[PDB]
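*Asks:*
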Amino acid sequence: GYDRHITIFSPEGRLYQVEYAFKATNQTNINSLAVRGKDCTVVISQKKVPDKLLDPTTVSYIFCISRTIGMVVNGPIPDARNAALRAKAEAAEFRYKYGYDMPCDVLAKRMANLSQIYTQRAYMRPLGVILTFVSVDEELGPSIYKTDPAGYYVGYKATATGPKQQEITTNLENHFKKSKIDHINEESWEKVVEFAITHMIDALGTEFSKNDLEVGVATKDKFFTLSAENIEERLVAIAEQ
Amino acid sequence: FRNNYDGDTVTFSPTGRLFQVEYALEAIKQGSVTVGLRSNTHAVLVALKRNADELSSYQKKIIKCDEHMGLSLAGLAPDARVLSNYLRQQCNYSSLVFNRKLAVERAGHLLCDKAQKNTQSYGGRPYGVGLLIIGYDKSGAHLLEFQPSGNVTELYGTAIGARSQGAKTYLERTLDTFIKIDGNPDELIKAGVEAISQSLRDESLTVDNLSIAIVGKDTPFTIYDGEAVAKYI
Amino acid sequence: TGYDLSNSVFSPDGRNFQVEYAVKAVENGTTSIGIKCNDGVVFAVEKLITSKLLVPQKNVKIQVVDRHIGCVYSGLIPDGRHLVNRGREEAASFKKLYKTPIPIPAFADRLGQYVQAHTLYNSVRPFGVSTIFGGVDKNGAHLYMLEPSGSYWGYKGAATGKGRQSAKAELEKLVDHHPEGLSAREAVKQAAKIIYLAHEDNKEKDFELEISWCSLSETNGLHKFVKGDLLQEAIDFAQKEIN
Amino acid sequence: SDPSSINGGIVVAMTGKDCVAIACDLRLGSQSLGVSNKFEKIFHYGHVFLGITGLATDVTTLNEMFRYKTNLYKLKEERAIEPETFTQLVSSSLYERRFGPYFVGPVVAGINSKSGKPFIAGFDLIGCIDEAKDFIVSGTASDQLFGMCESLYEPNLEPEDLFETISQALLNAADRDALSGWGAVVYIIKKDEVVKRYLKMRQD
Amino acid sequence: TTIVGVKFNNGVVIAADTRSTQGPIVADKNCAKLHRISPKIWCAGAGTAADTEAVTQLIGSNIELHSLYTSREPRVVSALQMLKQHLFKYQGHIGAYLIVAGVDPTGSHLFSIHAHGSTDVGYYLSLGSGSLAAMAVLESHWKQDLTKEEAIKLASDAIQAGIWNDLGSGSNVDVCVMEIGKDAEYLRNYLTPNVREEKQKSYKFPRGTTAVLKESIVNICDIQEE
Amino acid sequence: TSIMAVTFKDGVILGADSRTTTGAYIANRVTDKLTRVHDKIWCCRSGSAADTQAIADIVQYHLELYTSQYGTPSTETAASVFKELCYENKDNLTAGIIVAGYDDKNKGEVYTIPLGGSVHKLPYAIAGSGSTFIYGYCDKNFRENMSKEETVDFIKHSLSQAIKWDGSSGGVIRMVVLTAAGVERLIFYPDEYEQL
Amino acid sequence: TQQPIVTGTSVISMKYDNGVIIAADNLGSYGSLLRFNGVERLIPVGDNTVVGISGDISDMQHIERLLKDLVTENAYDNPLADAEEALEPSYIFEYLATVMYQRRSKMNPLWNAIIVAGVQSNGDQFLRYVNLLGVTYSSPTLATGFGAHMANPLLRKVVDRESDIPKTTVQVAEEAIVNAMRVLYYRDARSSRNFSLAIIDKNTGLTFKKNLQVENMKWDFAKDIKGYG
Amino acid sequence: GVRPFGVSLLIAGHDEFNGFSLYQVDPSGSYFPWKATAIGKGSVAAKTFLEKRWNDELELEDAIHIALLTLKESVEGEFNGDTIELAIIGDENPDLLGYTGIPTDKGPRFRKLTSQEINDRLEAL
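Residue numbers (the authors' numbering), protein chains in the order written: chain A, 2 to 242; chain F, 1 to 233; chain G, 2 to 244; chain 3, 1 to 204; chain 2, 1 to 226; chain 1, 1 to 196; chain 7, 1 to 229; chain B, 126 to 250.
The following block contains the structure:
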């Protein structure tokens, strides 16, 4: 239908185009996880291990946008890259404009506004990726802001994304009620990573190797990716179950 | 497949072959026949000068582009024009700024590109005209074919337009003979006449219709007609 | 569907129908391979000889870029040649400004954004070539391949065109024999055999083998075509074992 | 001679009790040649009064300019022009030519219609917003006028007293100026009505 | 023009004189020089008067825009940055030179900004033409970690040295104390040297001293529909 | 105004004074001019403070983008981006910028960008008012791959003579030590080195 | 409008029978202050050309970078090229001249005086001059600035005309350049003791002799005089 | 080629000249003042309730209790002050002026009422 194609309001008044973007962002099947520790923000994504024709390490879904701010991407790769530019770019420009490091909350707001402009542009087809910013924010400390392809955005205590998102959510919900707070337990940055690794394994039911994950960790003034072998230190106690 | 997909340059068939491209080729088949060939030291183009009627003058289809350059057309007349003036422009820029004559090969890469821009674009015309370009640079004689696709190919000898069958066969046979022949303008020019007779249904052999161009390491780009082509006819 | 009759509409597929078609065209191009070695890369390509009237090694498919980036491409010849030319212009700006040769992943990114825009818009027809590129920059040797999708990744082997299937199988030996990659001189010989067995799938026309390399130990980390005696020798190795 | 002082002219305003006054002389000269004995330069937009000193062609220009802008104000917002908003409006325009400023001295006088609050404000070439409520002076002979206004004026003047005070201030400066001397007009502006008085004074 | 800035422990205090001059004539007896970029970012302006008000108004809006956009009180440095670029473009013809002060969630700051585009940080700064006079007190008495109370004396006394030596410094001293976690305490007319004094003699004129040649009554009032 | 950088074995040490005068008046005696453009590429500013300050912010943001997309800038890369803006605008903007930064592979690198605007790698670099005064003293005393403590001392020895000869040089000798350790501040009062 | 800030100095050069010789000392002066005492002013492009650039160092690097790109541009399209349409001293030369005059027309030149020396594909010797206003000439002997007046006259004693070119051997030419540079060090202050030498010979390619020193300083006349005393 | 704003507003506000004021702005770009209006699914329900219980001449304090009840028809599963955002534009707050010591500047007219504050207003219903 022509009704499917028009960028301008659909007869329903809720776009077909928007529902479509939502389809897209589950083609790759990346289950990702982001939680807020006490003073640490853990992001984990499946690192696929393809054939030898590609290097496995190089393949990634976790990207360092700026200092403190990391981004996990869910949905197709070429569109991921397109989006990525604009966010890296603005963090720099804000620092020039305003002479201080950009806060997390403000970067997400900018990108919702760009998303909406896309459906007002006739030529342009709306980007069909999930941008979830994680950081140790300047004021607010651990912060999670998940951004939708449509352009809806909302903050999170914890979240997962994927087609199998549903299973992970339940564990995280019940956990937080027993713990009676919103932060994953232990001040220590190291053991919170391990509580995240473990909870990913449970929900999905599949044990993942160091090969099958990538672990990005937020501290004060850096976002950085751990070594392959760091992951293993956690994994080993857990792996016998 | 009129309209729908493959009806505009942007829209793909599922396979991804533009039907329009083949049509642009058809324009060349409808086009005036021309046979081009070379040797290391000379490049010789022979083209039949088409005419409407007796009183209409036999019209040149070989166009001198530059002193050391020239081209011949087979296909759509408006397109050839926009392209030809551009050939001239580029050659002038290099001579002025960078000293050098524009090399024949390197001019072709640009020409390719120009054709592809119209294929990227909404609207515009992919050029629907094929051009045999001959030239004398510091790499000596060359002969290119420019396709409506864009592709430029260095060939010993080729022919485009109407009934290409007879001259192509003829060239394959005499391939070895004209490539060894160098240092002989007059003999290359003979080979080329003999070649165009095969293609034609003997429409004319008149001095009046055949126009022969030659550029090489010896002769500059000179257009030969009447008496000068009566030697070899 | 009407998504094939209007570019850059979000399909319920999630990828526009036209862009998909564009990929398919890569296959109609020639077996082109690339081999990542231990101190450089090799590019190798099957160039079908159309006729006796074609002229040896003059319309070579291998194209030089920068002075350290070796480039070859499969699919629409016109589309790719413009893309390679676009690529130099980008590299050019990079050199003036930052006074330094482009890193190979920098080069991939820049090209990546260019493709992306030209598919996200109705106005500009999707690109329909896959490009094998890389060489020896500052961070040493890399082999990358750029999908017309606009994904790119690092690789240790690349193979594309029709006869990629043959090619991938022969590339698996390389990794097992050496995680490093094979020695750059010895890999010239392996590369010829790969192109030649994959010309048994594209035998219907004649072919010419064209190899190039950018290798720190045998090229000083500048780009060069392998020609002459190394090239003629390579053909023999291949001919001998497929007998 | 800078373009403002070719044409000079003077404006002097004072607040009184539940009233303001805005007053000027009527001499228009260009250099040695005096051009018209009678010439006005105090205009009113609603109950808000603006006299304007300085270069005559720029006076005319700005008067049109403001008449244009203030029309829109009363139509769109569906309320009379106040002095408070009007002070900002004069200021905004003046600043847009920073480089090569309008060669004028505008003076606002009017009463806020929401509390009877007497309001005067002044301006120079460059858009300064002067908040003196005692008095405001402007022109070439501004300096002279200030000196009158500072001795004669007293806080709290009855309307009929304020009328005498301002008149003597305007008059004596006039005769110690070159580019003034010919006639005078005083606007005494009250919330209920305006009385406008052409005085009798010495003439060259 | 004498303007001071003094950091104290739990905030900062900015002060400047109210007296305004246009040439050697006193334009305004009082008119405060302390302008509001935002509720807890105040600055006091020196230079060309017109430019100082205008730039504060134009920039003001963008800062206000920022605040609401971000749902967060902008940084003191954010105002600093935005201010600096504006001036820099015109290479200082726009001649606003300002002491930028404020408190924010990050902490307390005191900077100076010049029209050319140069910045500094100071514990204690002075600006205007009376910078020379005010500083001298400051440098002779200031110690590390002055109390709020002590900052306020040192500060006011310093403005007095400006007053008496610089002609353009004068009348009431106005002070705005911005403290962490609290609404700025604008201390209007902290200091008063002396004020206008009534003239010895009366300058009341009996009515009929002014002569009235003609009269025309204007009706700005609404003519009847009838 | 006197600024300097001197290479040594283990990296480079950036030094500056901090006294900036407007006319005869000392406008600020504790002026900061070691400005971080990158984690271990810092710059030293002299000339017009207004102009160098603007320049340094523009470069800064540029190197952040370069880090994210193209990978980490080296000291050379930075020197070019400083150069290009300085060159086209050689006349409008006055700039004496020393771009120095520390790679573990190449130890300390020092590149001086004069007013004219050109890249010149030097084992050591001097600029500002005070450099004329010490030009020969430093050449006499230059020593390549010296100890880290000797490097501290040298900066101190040379600058004390700059203060004597130039009364606009002076205030705290601040330092940014770039070695692989990280980034370390040293601060040395006048009181120490002037009497030394 | 570009005005000189950082400065350069004289370049001497000559034709001989089988090639050409260009030489220049290695200085990047900032006026009276000899700030940089080893900034190499001879920039080879391939073995084919060595382009001597005097005047501002800032613009020496601007052009240096243009040439770096120009090599790459040439190598794009028909890369089996190596001596055909591949760069010649004349190719290079023509490019610089055209840019230069356009820069002068915007009343803001690149402020340099330049001598292109090199050997054509024919083997013919090339020496052609171009400078900031855009004065173009070729001459058997060429020198700039201070060199023009002082090291040019000695060169002419040898290669007085066209016919003298063949008689001048690469050996005489070598003595000639080297001797001349000593004189310039003696009586010009700018000139340093260090100098570089480049020989483009059709047979031996590029022989680039760096960091040669001027010796045999004259103080034999210094000791004779004591003036008034 | 640019679709209408997907949203219709109420702009409620306070200014001096024309006192408290209440508006609707339509994505068409027509606007109208009202005595009372409500929008959304439950617009039918709400408007009639306001009519019955209230008129402008009644004080504000009564309306807040009324408005909660009205919205409470809409949904009864949760009405907790977390999920309900309630604000007033009314009197100035000279505290929230934020640069006290100057009184003449109007404080903020708007004051957003916290969840706790809502809960207080729920026990007054």
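Even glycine gets a Cβ: it sits at the ideal position worked out from N, Cα and C.
Taking a Cβ distance cut-off of 8 Å, strictly less, list which residues of the segment 75–109 of chain 7 are near chain G, in chain order.
*Replies:* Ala75, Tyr76, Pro79 and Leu80
*Asks:* Specify the secondary structure class of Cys128 (chain 3) as computed by DSSP and reduced to three states.
*Replies:* As a working mapping, residue 128 (chain 3) is identified with position 128 in the fourth sequence. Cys128 (chain 3): coil per DSSP, three-state reduction.
*Asks:* Going by Cα to Cα distance, which pick from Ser115 (chain 3), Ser113 (chain 3) and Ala109 (chain 3) is closest to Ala121 (chain 3)?
*Replies:* Along the fourth sequence, one-based indexing puts residue 121 (chain 3) at 121. Checked all of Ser115 (chain 3), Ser113 (chain 3) and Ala109 (chain 3); the closest Cα to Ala121 (chain 3) is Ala109 (chain 3).
*Asks:* Look at the Cβ atom of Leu142 (chain 7), then the Cβ atom of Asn112 (chain 7), and state whether they are nearer than 8 Å.
*Replies:* Sequence index remark: in the seventh sequence, residue 142 (chain 7) carries index 142 (1-based). Sequence index remark: in the seventh sequence, residue 112 (chain 7) carries index 112 (1-based). No.
*Asks:* I'd like to check one pair, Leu89 (chain 3) with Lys69 (chain 3): are the Cβ atoms closer than 8 Å?
*Replies:* Along the fourth sequence, one-based indexing puts residue 69 (chain 3) at 69. Along the fourth sequence, one-based indexing puts residue 89 (chain 3) at 89. Result yes, Cβ atoms of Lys69 (chain 3) and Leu89 (chain 3) sit closer than 8 Å.
*Asks:* Which chain 7 residues sit within Cβ distance under 8 Å of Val65 (chain G)?
*Replies:* On the third sequence, position 64 is the one that residue 65 (chain G) refers to. Against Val65 (chain G), the close residues of chain 7 are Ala75, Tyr76 and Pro79, in the order they occur along the chain (beta-carbon pairs closer than 8 Å).
*Asks:* Restricting to runs no shorter than 4 residues, where is the alpha helix (DSSP H) found entirely within the segment 138–201 of chain F?
*Replies:* Correct list: 165–173, 175–180 and 185–199.
*Asks:* Verify whether the separation of the beta carbon atoms of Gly54 (chain 3) and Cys24 (chain 3) is less than 8 Å.
*Replies:* As a first step, residue 54 (chain 3) must be located in the fourth sequence, where it is residue number 54. As a first step, residue 24 (chain 3) must be located in the fourth sequence, where it is residue number 24. Taking 8 Å as the Cβ cut-off, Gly54 (chain 3) and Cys24 (chain 3) do not qualify as a contacting pair.
*Asks:* Which chain G residues are close to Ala25 (chain A), counting only those with a beta carbon under 7 Å from its beta carbon?
*Replies:* Position 24 of the first sequence, counting from 1, holds the residue named residue 25 (chain A). Those are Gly15, listed as they occur along chain G.
*Asks:* From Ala168 (chain G) to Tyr62 (chain A), what does the alpha carbon distance come to, in whole angstroms?
*Replies:* Locating residue 168 (chain G) in the third sequence gives position 167, where the first residue counts as 1. Locating residue 62 (chain A) in the first sequence gives position 61, where the first residue counts as 1. One C-alpha to the other measures close to 29 Å.
*Asks:* Distance, Cα to Cα, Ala26 (chain G) vs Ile57 (chain 7)?
*Replies:* Translated into positions along the third sequence, residue 26 (chain G) becomes position 25. Translated into positions along the seventh sequence, residue 57 (chain 7) becomes position 57. If I take the Cα positions, the gap works out to 52 Å.
*Asks:* List the residues that DSSP assigns as beta-bridge partners of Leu125 (chain 2).
*Replies:* What you label residue 125 (chain 2) is simply residue 125 of the fifth sequence in a count that begins at 1. Its beta-bridge partners are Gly5 (chain 2).
*Asks:* Using a Cβ-Cβ cutoff of 9 Å, what residues of the segment 35–54 of chain 7 are near chain 1? List them in chain order.
*Replies:* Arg35, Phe36 and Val39
*Asks:* Quick one: is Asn17 (chain G) buried, meaning 16 or more other Cβ sit within 10 Å of its Cβ, or exposed?
*Replies:* To locate residue 17 (chain G), count along the third sequence from 1; it is residue 16. The residue in question, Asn17 (chain G), is buried, as its Cβ has 16 or more Cβ neighbours within 10 Å.
*Asks:* Note down, in chain order, every chain 2 residue with its Cβ under 7 Å from the Cβ of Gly100 (chain A).
*Replies:* Counting from 1 along the first sequence, the entry for residue 100 (chain A) is found at position 99. Those within 7 Å of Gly100 (chain A) in chain 2 are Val77, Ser78, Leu80 and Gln81.
*Asks:* Nearest chain 7 C-beta to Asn99 (chain F) closer than 8 Å, yes or no?
*Replies:* Residue mapping note: residue 99 (chain F) aligns to position 99 of the second sequence, counting from 1. Look at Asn99 (chain F): its C-beta is under 8 Å from a C-beta on chain 7.
*Asks:* Strictly by DSSP, which residues pair up with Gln125 (chain 7)?
*Replies:* By one-based count along the seventh sequence, residue 125 (chain 7) stands at place 125. According to DSSP, residue pairing for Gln125 (chain 7) in a beta bridge involves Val119 (chain 7).
*Asks:* Against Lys148 (chain 2), what residues of chain 3 qualify as contacts under a CB-to-CB distance less than 7 Å, listed in chain order?
*Replies:* Position 148 of the fifth sequence holds residue 148 (chain 2). Under the 7 Å cutoff, chain 3 gives no residues; its nearest Cβ is about 31 Å from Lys148 (chain 2).
*Asks:* Check each candidate in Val11 (chain 3), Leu170 (chain 3), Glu164 (chain 3) and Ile189 (chain 3) and name the one with the smallest Cα separation from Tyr203 (chain 2).
*Replies:* For the purposes of this step, residue 203 (chain 2) is taken as the residue at position 203 of the fifth sequence. Answer by Cα proximity: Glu164 (chain 3).
*Asks:* From what residue to what residue does the beta strand (DSSP E) around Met72 (chain A) run?
*Replies:* Taking the first sequence and counting its residues from 1, the one referred to as residue 72 (chain A) is at position 71. Here the beta strand (DSSP E) through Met72 (chain A) covers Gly71 to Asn75.
*Asks:* Classify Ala159 (chain A) as buried or exposed, calling it buried when 16 or more other Cβ atoms lie within 10 Å of its own Cβ.
*Replies:* Sequence index remark: in the first sequence, residue 159 (chain A) carries index 158 (1-based). So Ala159 (chain A) counts as buried.
*Asks:* Less than 8 Å between CB atoms is the rule here; does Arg126 (chain G) satisfy it with respect to chain F?
*Replies:* As a position in the third sequence, residue 126 (chain G) is number 125, starting the count at 1. Taking Cβ atoms only, chain F reaches closer than 8 Å to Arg126 (chain G), which makes this a yes.
*Asks:* Report the residue from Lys223 (chain A), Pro12 (chain A) and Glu233 (chain A) whose alpha carbon sits nearest the alpha carbon of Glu215 (chain A).
*Replies:* Along the first sequence, read from residue 1 onward, the residue named residue 215 (chain A) stands at position 214. The shortest C-alpha separation from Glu215 (chain A) is found at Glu233 (chain A).
*Asks:* Give the interface partners of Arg188 (chain 2) over in chain B, defined as CB-CB distance under 9 Å, in chain order.
*Replies:* Here residue 188 (chain 2) corresponds to residue number 188 of the fifth sequence, with the count starting at 1. What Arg188 (chain 2) touches in chain B: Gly226 and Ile227.
*Asks:* With a 10 Å radius around its C-beta and 16 neighbouring C-beta atoms as the bar for buried, classify residue 242 (chain 7) as buried or exposed.
*Replies:* No answer is possible for residue 242 (chain 7): the residues shown for chain 7 start at 1 and end at 229.
*Asks:* How close, in whole Å, do the beta carbons of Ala74 (chain F) and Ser32 (chain F) come, if the pair is a contact with beta carbons under 8 Å?
*Replies:* The sequence position of residue 74 (chain F) within the second sequence is 74, counting from 1. The sequence position of residue 32 (chain F) within the second sequence is 32, counting from 1. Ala74 (chain F) to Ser32 (chain F), Cβ: 5 Å. Contact.
*Asks:* For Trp42 (chain 1), count neighbouring Cβ atoms within 10 angstroms of its own Cβ and tell me buried if that reaches 16, exposed if not.
*Replies:* Translated into the one-based positions of the sixth sequence, residue 42 (chain 1) becomes position 42. Flag for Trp42 (chain 1) reads buried.
*Asks:* For the structure I just gave you, are there three or more beta carbon pairs, one from the segment 47–67 of chain F and one from the segment 145–152 of chain F, closer than 8 Å?
*Replies:* no
*Asks:* Pull out every residue of the segment 85–97 of chain 2 whose Cβ sits closer than 7 Å to any Cβ of chain 1, in chain order.
*Replies:* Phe88
*Asks:* I need the straight-line Cα distance from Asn212 (chain A) to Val20 (chain G), nearest angstrom please.
*Replies:* As a working note, residue 212 (chain A) is residue 211 in the first sequence. As a working note, residue 20 (chain G) is residue 19 in the third sequence. Between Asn212 (chain A) and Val20 (chain G), the C-alpha separation is close to 32 Å.
*Asks:* I think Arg234 (chain B) touches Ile214 (chain B), with their Cβ atoms under 8 Å apart; what is that distance to the nearest whole Å?
*Replies:* For this step, residue 234 (chain B) is matched to residue 109 along the eighth sequence. For this step, residue 214 (chain B) is matched to residue 89 along the eighth sequence. With a Cβ gap of about 5 Å, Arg234 (chain B) and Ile214 (chain B) count as contacting.
*Asks:* List the residues of chain 1 that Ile63 (chain 7) touches, going by C-beta distances under 9 Å, in chain order.
*Replies:* What you label residue 63 (chain 7) is simply residue 63 of the seventh sequence in a count that begins at 1. Under the 9 Å cutoff, chain 1 gives no residues; its nearest Cβ is about 12 Å from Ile63 (chain 7).
*Asks:* In chain 2, which residues lie with their C-beta within 7 Å of the C-beta of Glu140 (chain A)?
*Replies:* As a first step, residue 140 (chain A) is located in the first sequence; it is residue number 139 there, counting from the start. Going along chain 2 in sequence order, the residues near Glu140 (chain A) (Cβ under 7 Å) are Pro105.
*Asks:* Would you give the residue range spanned by the alpha helix (DSSP H) that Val59 (chain 1) belongs to?
*Replies:* Counted from its first residue, the sixth sequence places residue 59 (chain 1) at position 59. Unbroken alpha helix (DSSP H) run through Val59 (chain 1): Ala49 to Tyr70.
*Asks:* Can you name the start and end residues of the beta strand (DSSP E) that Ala198 (chain 7) belongs to?
*Replies:* For the purposes of this step, residue 198 (chain 7) is taken as residue 198 along the seventh sequence, with counting starting at 1. Membership of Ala198 (chain 7) in the beta strand (DSSP E) is indicated by the continuous run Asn194 to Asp201.
*Asks:* Assuming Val71 (chain 7) and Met100 (chain 7) make a contact with CB atoms under 8 Å, what is their CB distance in whole Å?
*Replies:* If you number the seventh sequence from 1, residue 71 (chain 7) lands on position 71. If you number the seventh sequence from 1, residue 100 (chain 7) lands on position 100. Not confirmed; about 19 Å, so no contact.
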